[PDB]
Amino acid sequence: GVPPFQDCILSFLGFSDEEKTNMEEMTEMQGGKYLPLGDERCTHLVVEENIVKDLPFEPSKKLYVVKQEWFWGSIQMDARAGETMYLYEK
């Protein structure tokens, strides 16, 4: 079908380099792309909300800034989860 991250360009904040590498590799497995934190091309920023209290750049209007659950939830469901149910706050 449509892989979970088709046409998504992800980025990550709040993860160790080992964790981020794992999530980048999983992103590609699941049909998406990834770019560095703050890249204006990104469609999504996935945050470890237990670590992050603010963002180090001003998001574009298109950017979905989502809690980690959106990422692993999309993979579990084999479908892009609705971002609006998982927005990062504060």
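Residue positions are given as counts along the sequence shown, with the first one as 1.
Higher mean CA temperature factor between 25-33 and 59-67: 59-67, per the PDB entry. On average the C-alpha atoms of 50-58 have higher B-factors than those of the other stretch, with 50-58 and 35-43 being the two compared. Compared with the other modelled residues of the chain, the Cα B-factor recorded for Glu19 ranks in the lowest third. The PDB entry assigns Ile75 a C-alpha temperature factor belonging to the middle third of its chain's modelled residues.
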